[PDB]
Amino acid sequence: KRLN
Amino acid sequence: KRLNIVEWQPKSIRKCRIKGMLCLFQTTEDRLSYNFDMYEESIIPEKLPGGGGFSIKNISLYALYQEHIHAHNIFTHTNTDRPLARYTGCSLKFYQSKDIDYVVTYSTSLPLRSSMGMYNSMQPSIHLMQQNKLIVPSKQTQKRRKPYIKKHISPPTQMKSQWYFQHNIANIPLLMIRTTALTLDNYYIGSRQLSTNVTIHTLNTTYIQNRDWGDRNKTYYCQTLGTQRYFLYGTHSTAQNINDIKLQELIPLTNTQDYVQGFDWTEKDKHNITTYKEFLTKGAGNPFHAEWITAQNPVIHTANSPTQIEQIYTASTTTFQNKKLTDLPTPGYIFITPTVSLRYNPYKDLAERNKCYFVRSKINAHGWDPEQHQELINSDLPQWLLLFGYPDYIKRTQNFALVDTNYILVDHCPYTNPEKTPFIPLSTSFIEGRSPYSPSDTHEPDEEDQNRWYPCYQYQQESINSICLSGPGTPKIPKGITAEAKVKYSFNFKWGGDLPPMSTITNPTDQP
Amino acid sequence: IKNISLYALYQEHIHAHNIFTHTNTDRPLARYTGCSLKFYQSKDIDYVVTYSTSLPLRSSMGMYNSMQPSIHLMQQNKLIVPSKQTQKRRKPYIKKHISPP
Amino acid sequence: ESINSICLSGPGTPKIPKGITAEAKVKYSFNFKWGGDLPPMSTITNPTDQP
Amino acid sequence: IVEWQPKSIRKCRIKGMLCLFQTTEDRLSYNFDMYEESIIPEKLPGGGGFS
Amino acid sequence: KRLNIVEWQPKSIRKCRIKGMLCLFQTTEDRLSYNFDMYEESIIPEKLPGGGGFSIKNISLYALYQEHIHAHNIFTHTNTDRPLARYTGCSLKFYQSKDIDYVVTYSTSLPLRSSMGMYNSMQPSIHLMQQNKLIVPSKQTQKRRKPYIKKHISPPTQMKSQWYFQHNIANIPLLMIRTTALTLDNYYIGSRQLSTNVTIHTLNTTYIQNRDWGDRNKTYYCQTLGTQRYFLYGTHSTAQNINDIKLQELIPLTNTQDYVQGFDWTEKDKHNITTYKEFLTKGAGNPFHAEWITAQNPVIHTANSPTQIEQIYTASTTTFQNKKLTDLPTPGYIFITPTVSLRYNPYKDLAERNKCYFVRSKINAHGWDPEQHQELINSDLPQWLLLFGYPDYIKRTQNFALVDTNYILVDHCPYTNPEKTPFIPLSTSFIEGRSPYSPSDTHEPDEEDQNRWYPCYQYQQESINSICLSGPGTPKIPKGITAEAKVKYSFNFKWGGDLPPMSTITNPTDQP
């Protein structure tokens, strides 16, 4: 979904 | 080894939900195959209550600000003194329309571009087959617990969770919505009447090829073969034999730019005509007038130039009475119709040699071959899919001079029962002597269409819409009804900055 | 009476009436697993369906007479689809899975 | 050839017989991912296919 | 800092073989380029002993 | 709902492992780019100790029986009275060769066919890049614990575990093995000597185009332009100026089919010649003789036909002494060489307009354009990859008349430093007047190559092998050494049937  | 990238949060932060309503399309049946823009090419809304049956919308923070100038949205918090923005995503609520169903699909690939395959894939049956579609039935086709379908859309993958200056992200398109109008219950029949076959009108390709249109300063000639020029003449004569018609009966065509019928040499004394030169200028007929366009009154095609007829008249006016179509110079006098009507059946179409392109209407160039942009040629789809949104892809591409009067749409299709090598589709309104979207009670163009009364894309529009309406999924809309669709949006932002200034009001002079 | 074959499905793809979720251009083997049908309620008309998968395909005089709406409605393993007018439903379609021949 | 001969006087420089070419190679594997929205695709007739 | 992963992803290993040098004794002090100054490979079987 | 398919096992069953040894290739350096067949086109093994540096092997139970007739395998159990077979798979042991490395890959897709991309992908560098390769280093490049690599191969997916009649499965190919000869330690240099550039000989395309080869019954002419024919003449003259050479000095060419040099008119009295007609028949030179092929002694190109020279001689033999190349009919006397030498560099090749095809050598057709099979044209790969195995793909395709003498290989390549529009590669042996694979101490063709001494694929073979040897991964093999590779196979079968009959031997007359 979302990553650092 | 590797570290997370980290940002330091700004000193003051204010959440803002930009909330509002967006029109997806508003359409009549005669506009279903066209793209709806709410902000128009200024002729489109003149006597049309809906401009198009599909749209592609791009949404950006600047477009959201422009919708706030139209009062179409609210900003839950102002942004005046916080210059940073942090976009978090969108919520859409798609509402069931009363009378029409519709397919939506959306994208957030930050790279924004248009494609010929995208515009063809807007065809309602093709769009309804795509993955990650949303179908919204009308309230008539399905009653539901919730009258809307709601979904959340994440930012573009290129828009990271970081803060950005609002000046930088203002024009970045953060959402694309694609919508097309549909019927589920009339999917095959659509708006068909009587036979499955649709009738297409076209310009005879085998005689009308010179494309020298839209001047009163040029005697019109329909084709060149070898070194020759060929010419058309109207007559009201009851004569059964092409040989015995007089040199007088013929009404020569010296204009294409007007709706004017011309008149016969028997009206010489009504227009104070002294010579065949004044008969040519006052009395010549435009070949596209409502009786000459389909030869309701006979029309004669010949190699014999009007200037050879001028020489016969001017050499002696008394022998112009005596001379007939017999013993004339180059006398290829035949009976030819400028229009032919084809029958098209969509179920008989196999798309093996189908093709479609635009050619320049106002230029001095012969023939109909694909010319100019060869990358804009659209091929190998059935005509109801091949034509769908293709004119709007071409307009949005801007590789042609924009005005409908300066181009013609030309298409090849093996699958009409009669044939012409290319087809030059023409709308029933132009075949009946009426403005492009004018009601049938009218029997003349309006003044701006009385000018420029010659073959061009502006007069083709209803014919290619009618071919697209032969395709599956296309809706049935009663005449005088406009179908509409809307979404309610909520874009989620934060505004960031250092603390802003503020001001205050006197206590005594305040809400009493 | 409709007969469906993989070649008829390819012909419907030439009419743009279907999608293939994956192309077959360079994989010459096929392994058919069965079909799902969703039959939709029409707006104005009801209709009886029945289907078969006996690999032997043929037509008969008794088959064509048995298409008469009253006779077809009496047959076993019919499906009746009422119009939206004759019955409002939770799901606007009837769905069933059909095994290979 | 004279400045090559001066460099050959320096340490570590190899001895290669005349008419022999010495060579070295590496095998590489660069690791990438490609990203995008879903692409289009096309298909082949069943009757005219690998028989 | 966080990124949102793209809709479709496809791993690709670009695999191959690279020549590090090909040299004779009379070219040891020179840089090997495989794509040449067009005179260098004329009557030399190896262009350089380092790269 | 669904059931497993079940078979009833036959009354008697006998396991049989067909065990043996298969040659993968046996090659010299001058055969590396060609397919090894152990059972030959009968000319190939004549004075070649190894036929090819790659192979494609198909194995079937009938091919295993044919290898038993050569005594190359054993059957662990006979099949004489059990007609059913149940194939279970194969074990292969690939042995390290002493002197050469090699890549293997194998397939069991029951559908068996050949492809142009398959034969190009046999190139050692390309095959070494493929997935599911096996690399076998030589004993020199790597010492190993086990001197072989062993792997088990399952039946074709179409060959199920069921019993089959041996008559039905006999010809079904149950394994394909693809092998190519390689070097890992000489991967880039290969067998390069001196410069990276390789020299290619070719027929001048701008003068040699008529392709009317291999008759002593036809006066040869090299090109036609407009209505004209152009002709070649040899001379031993020391004359520096093309204008002053006599009509006598020229040695006209009336044959292409022979190795013969011809002779000068000064030898009239050695061959009892009475006329220029007898000089034409006895003394004419073939343009491809070892001195005329590269014009070691000068060669003259002209529009002036030998029959115009016949008319000058026969009209008066005394003025044939007086007449020079000045004031002759159509005198385009120039100095032209039938051969040019190009330089090719593989690292300078970008494959943007590379192309390759075969044209008919023994036909009366002008020019070099791609002709006949347009699907056999090979394009857009670097010449060392484009040529690799392409002649063998064409031979195995059988779409051309099979004999090397009846076709020429023609290729386009922008990347030679000098250029010719097509190239007609020719081997150094044909450029030096020697048989296709004959040792350089020889200075004449053998009798069967003294006949048919004209441009054809049989004389091109070593030149296209030399271009393939410029490509990476191609091995270095010393002259007079043949490199070889072998696999040991074990195919696993069962034989099935009803119980067979048997016979017995007397006890008294038996092993004493």
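To find a chain, count down the sequence lines: A is the first, B the second, and so on, and within it residues start at 1.
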>> Could you check whether atom CG of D380(F) has more than 12 heavy atoms from other residues, nucleotides or ligands sitting under 6.0 Å from it?
In response: yes
> What's the spacing between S195(F) OG and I39(E) CD1 if we round to 0.5 Å?
Replying inline: 10.0 Å
> CD/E36(E) to OG1/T196(F) distance, rounded to the nearest 0.5 angstrom?
Replying inline: 5.5 Å
>> Is there a side-chain contact (heavy atoms from CB on, under 4.5 Å) between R343(F) and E42(E)? Walk through the geometry before answering.
In response: CA-CA 10 Å; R343(F) 284 178 175 178; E42(E) 296 293 353; 2.8 Å; yes
> So does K15(E) have more than 12 non-hydrogen atoms from other groups sitting under 6.0 Å from NZ?
Replying inline: no
>> Between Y188(F) (side chain only) and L18(E) (backbone N and O only), is there a donor and an acceptor less than 3.5 Å apart?
In response: yes
>> If we define contacts as heavy-atom pairs under 4.5 Å, which of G47(E), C19(E), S38(E) has the most with chain F?
In response: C19(E)
>> Distance check, rounded to the nearest 0.5 Å: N197(F) atom CG versus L44(E) atom CG?
In response: 10.0 Å
> To the nearest 0.5 Å, what is the distance between NZ (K43(E)) and CD (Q193(F))?
Replying inline: 15.5 Å
> Side-chain contact, heavy-atom cut-off 4.5 Å: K348(F) with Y35(E)?
Replying inline: no
